[PDB]
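I have placed the structure first, in the form of structure tokens, so that the comments after it can refer back to it.
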Amino acid sequence: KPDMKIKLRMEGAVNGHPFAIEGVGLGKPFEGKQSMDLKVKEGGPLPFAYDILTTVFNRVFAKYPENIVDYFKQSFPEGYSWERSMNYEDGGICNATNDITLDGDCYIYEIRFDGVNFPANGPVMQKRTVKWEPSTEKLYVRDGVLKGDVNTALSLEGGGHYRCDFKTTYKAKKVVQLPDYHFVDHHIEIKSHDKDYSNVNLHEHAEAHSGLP
Amino acid sequence: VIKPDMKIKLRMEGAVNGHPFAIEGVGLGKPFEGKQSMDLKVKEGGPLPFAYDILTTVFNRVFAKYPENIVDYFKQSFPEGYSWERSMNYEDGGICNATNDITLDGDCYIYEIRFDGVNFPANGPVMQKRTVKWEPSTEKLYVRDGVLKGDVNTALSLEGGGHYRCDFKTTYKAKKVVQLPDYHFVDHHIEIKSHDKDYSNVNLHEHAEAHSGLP
Amino acid sequence: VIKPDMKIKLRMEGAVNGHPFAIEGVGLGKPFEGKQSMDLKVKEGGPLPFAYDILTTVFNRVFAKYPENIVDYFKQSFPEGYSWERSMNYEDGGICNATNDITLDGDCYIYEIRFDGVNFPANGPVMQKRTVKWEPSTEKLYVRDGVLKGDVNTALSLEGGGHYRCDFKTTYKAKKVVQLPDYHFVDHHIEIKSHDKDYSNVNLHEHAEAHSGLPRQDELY
Amino acid sequence: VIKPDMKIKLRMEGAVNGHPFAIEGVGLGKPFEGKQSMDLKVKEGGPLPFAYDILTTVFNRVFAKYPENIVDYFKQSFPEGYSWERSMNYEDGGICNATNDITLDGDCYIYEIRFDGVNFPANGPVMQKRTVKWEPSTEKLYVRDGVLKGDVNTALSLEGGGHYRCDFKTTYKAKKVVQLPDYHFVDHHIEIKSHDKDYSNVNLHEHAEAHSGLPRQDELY
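Protein chains in written order, with my numbering: chain A, 224 to 436; chain B, 825 to 1039; chain C, 701 to 921; chain D, 701 to 921.
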């Protein structure tokens, strides 16, 4: 619908230490904007940069142009799931999955998050990340499902960037029309948070396009 | 504190391509000879829809024969124990993250294991169970930032011939400060010795020895 | 130093899976429009046994339209010029490293290019010539240790459908000190417009435009 | 075709971060004992501004001791010889691509080598010459598409301690049809034994043995 709700729970671990986060939000799928409030329920205070989780906290929240097949809006009411590997340039790897279903007007997420091999003096365990930069994801079809890759980066305290290579697989639960090669522009931002990030208000803006011209 | 005849008790909770499962095991082995064996049972999520082989190297470098001219990081870490973290990067994009918290209760090592695999193509040898076994391997172990790292590029043999490659990145963290070793190697040979039709029961063996390369 | 119309002169020497070749080209473009076109000729090692597409992005981010609010690293570097390094990483392990030394003579840029590709499998799309073209792309550019870096993972479309991925890592080096830009993007669309049977003659075009991501940028006045 | 004492003659042309150089070498070794040594001389581009260590493993798996139960792909390929392709992926993004055409003239192997490295950061151990030596390694060899592959993640020890990692991917191509081996390993130990101040003269050694993993192989009679 023009205005949808979000309900979510994430369970996971970072370098073996487990935690849990729940969230509630709302957004406009046809405008490509969304926002949510996240609450840490287990494993607080989190000893890692919150930023590594933010892109796991839904490509249905992306404004798709008419000449571009929309894989995500097609997959409802049944929904879809996605898998992702997030490979940071210092060897830290985060694996995340999301099972997305629809109940009335509210999307429901079942998220699992697992990070390993973050060095203790790195920007993630030391919390020296500022935010994610805007990015452009590339989407193409492979083995009857939709892939999404993007080489992005996090800005660091005092300048410089921390790169991360995203590899996402999107699987609609039911068979939908497959799209051509296209792009999605992203901008995710933490707009407010408390000292230990037990409460986080997170926003994303996403728009699909087909590149130049 | 470390005795020629130790026991293994383990539980793994995890998921592959989003589908969860759980496996328990009971084992035994000889740390000073570098040999071990266990019986594993699927307790949740069976029958497993992926090749069992991707899990076996998660199911303890204390079971490796270390010569005396090589500092033994793992046997030093007991009785307090150690933990390890690992990424396993398959050449077709399948990636498995696993963690193991290892403690010691009397004569039995106890594992708390987490396993999470993503992005395995449905047409690949992991989801279609076309792996035969792990080949023998030689791991590279070195120190970085006060902890021990171990990297190895190995492979799985496939049923119509050929090999399916995997890059290992392990971080070993002793629970308290031990002597750190110099650059060395561990030779591995892990084998499934018997199993069920669906791999609900698996008998797993490993043989390991540390060395220093040529000569 | 930068004129609305510029010329291009280049020579590329290199090898793929150990077999050497050489290519010369002449071109023209408009740096402030971010467009260029050239004519390329194989001079050595023909006919080439690999897909020509792996060479095209080696054949000048000075040919990229920069908005007025984004610092332009490349147009600043002339008349002295700049150099760049890059090593493409294709998903089946075939890897190409490339270098370009770019200088200026009057109104003509001059390239000295080296291209070296290794480990292309015989049954892969490069050695079997099953690539159609490069898809449009969006490059990510950021600063590291006083020089400009460029990352983008893009793809080639394949003859029977589907895509063949490649990871780009470029380093750009101005020869003299210039102003460094913030993290930004460059959109690309490179196209082979015409070629003969064995790709002896190739007409190649590129369109490149810089932006700042987010909400793409005319407001009634 | 293979005699217990063979000689080596080589020339390498290449560049690192765009700056070209050339090195010639003369050597000797015992293929059946897996040992070799050579003396290398910089002929162009000296003094080299990068750590010499990145070139040493490019300066022939015929010099590897094979047990009788493991098929020898390399000693089989002569007198025709073989060629190999290789990418070396360092953990900070430095990438070196190398090719070698190995031929045989009498009792002397002849190498034609190309070496091309890009994106080595200026503050890294290669451009600062902070490497000490390659650690010994164990390469893993397997067959793919009828040719021989070699993978090994290895490392260089660094001046102030610690290690600098590199990912090797080699493709070996015999010039004639030979019998293909099963999955096996080769243990390596390459050493610079002497060099002059700026590495214009370098004496280089390698020791190599193939095996089949543990249990490492008289049985007391």
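The C-beta atom is built at its ideal place from N, Cα and C for all residues, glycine as well.
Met-227 (chain A) is bridged by DSSP to A:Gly-250. Residue ranges of uninterrupted beta strand (DSSP E) with 3 or more members, entirely inside the segment 800-873 of chain C and ordered along the chain, are 808-818, 831-834, 837-844, 847-858. Judged by their CB atoms, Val-292 (chain A) and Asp-403 (chain A) are nearer to each other than the 8 Å cut-off.
When DSSP states are grouped into helix, strand and coil, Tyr-773 (chain D) belongs to the helix group.
Under the DSSP assignment, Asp-753 (chain C) falls in the alpha helix (DSSP H) whose first and last residues are 753-756. According to the DSSP assignment, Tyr-782 (chain C) belongs to the beta strand (DSSP E) that extends over 782-790. Cα atoms of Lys-256 (chain A) and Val-247 (chain A): separation of roughly 15 Å, rounded to the nearest angstrom. C-alpha of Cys-866 (chain C) to C-alpha of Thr-375 (chain A): approximately 15 Å in a straight line.
As a beta-bridge residue in DSSP terms, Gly-235 (chain A) pairs with A:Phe-242, A:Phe-336.
Against chain D, the CB of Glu-785 (chain C) has a partner CB under 8 Å away; the residue lies at that interface. Judged by DSSP secondary structure, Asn-1027 (chain B) falls within the beta strand (DSSP E) whose first and last residues are 1025-1035.
Residue burial annotation: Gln-900 (chain B) is buried, with at least 16 other C-beta atoms found within 10 angstroms of its C-beta.
A straight line joining the alpha-carbon of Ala-846 (chain B) with that of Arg-938 (chain B) spans about 9 Å.
For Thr-838 (chain D), a Cβ of chain B is located within less than 8 Å of the residue's own Cβ.
In the three-state scheme derived from DSSP, where H, G and I count as helix and E and B as strand, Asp-739 (chain C) is classed as strand. With its beta carbon at least 8 Å from every one in chain C, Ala-874 (chain D) lies outside the interface.
Residues of chain B whose Cβ lies closer than 9 Å to the Cβ of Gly-913 (chain D) are, in chain order, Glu-959, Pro-960, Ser-961, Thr-962, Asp-1011, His-1012, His-1013. In the same chain as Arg-711 (chain D), and ignoring 5 residues on each side of it, the C-beta atoms closer than 8 Å to its own belong to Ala-722, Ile-723, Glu-724, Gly-725, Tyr-811, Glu-812, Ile-813, in chain order. Contact between the segment 894-901 of chain C and the segment 733-751 of chain C is present: 3 or more CB-CB pairs across the two stretches fall below 8 Å.
Within its own chain, the residues whose Cβ lies closer than 7 Å to the Cβ of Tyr-966 (chain B), once the five positions on either side in sequence are excluded, are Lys-973, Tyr-1007, listed in chain order. One Cα belongs to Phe-874 (chain B), the other to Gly-315 (chain A), and the distance between them is close to 25 Å. For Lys-875 (chain C), the three-state secondary structure derived from DSSP is coil.
Each of B:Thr-995, B:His-1035, B:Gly-1037 was checked against the Cα of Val-882 (chain B), and the nearest Cα belongs to B:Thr-995. CA-to-CA, the gap between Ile-826 (chain B) and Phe-902 (chain B) works out to about 8 Å. Here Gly-718 (chain D) is not near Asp-851 (chain C), since their CB atoms are 8 Å or more apart. Comparing alpha carbon positions, the residue from D:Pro-720, D:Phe-774, D:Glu-733 closest to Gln-879 (chain D) is D:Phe-774. For a Cβ distance threshold of 9 Å, nothing in chain B lies close to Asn-374 (chain A): the least Cβ distance comes to about 15 Å. Nearest to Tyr-790 (chain C) by alpha-carbon distance, out of C:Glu-891, C:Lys-876, C:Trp-834, is C:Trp-834. Contact between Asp-816 (chain D) and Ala-715 (chain D) holds: CB atoms are separated by about 6 Å, below the 8 Å threshold. Taking 8 Å as the cut-off, the Cβ atoms of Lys-889 (chain B) and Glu-857 (chain B) count as close. In terms of Cα proximity to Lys-964 (chain B), the closest of B:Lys-953, B:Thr-923, B:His-1035, B:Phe-944 is B:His-1035. The residues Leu-379, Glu-380, in chain order, have a CB closer than 6 Å to that of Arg-351 (chain A) in the same chain once the five nearest residues on each side in sequence are set aside. Between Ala-319 (chain A) and the set A:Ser-415, A:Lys-390, A:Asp-408, A:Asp-226, the nearest pair of CA atoms involves A:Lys-390.
For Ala-429 (chain A), there are no C-beta contacts with chain B under 9 Å, since the nearest C-beta of that chain is about 21 Å from it.
Closer than 8 Å to the CB of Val-279 (chain A) there is not a single CB belonging to chain B. Closest option to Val-347 (chain A), judged by alpha-carbon separation, among A:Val-368, A:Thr-359, A:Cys-317: A:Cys-317.
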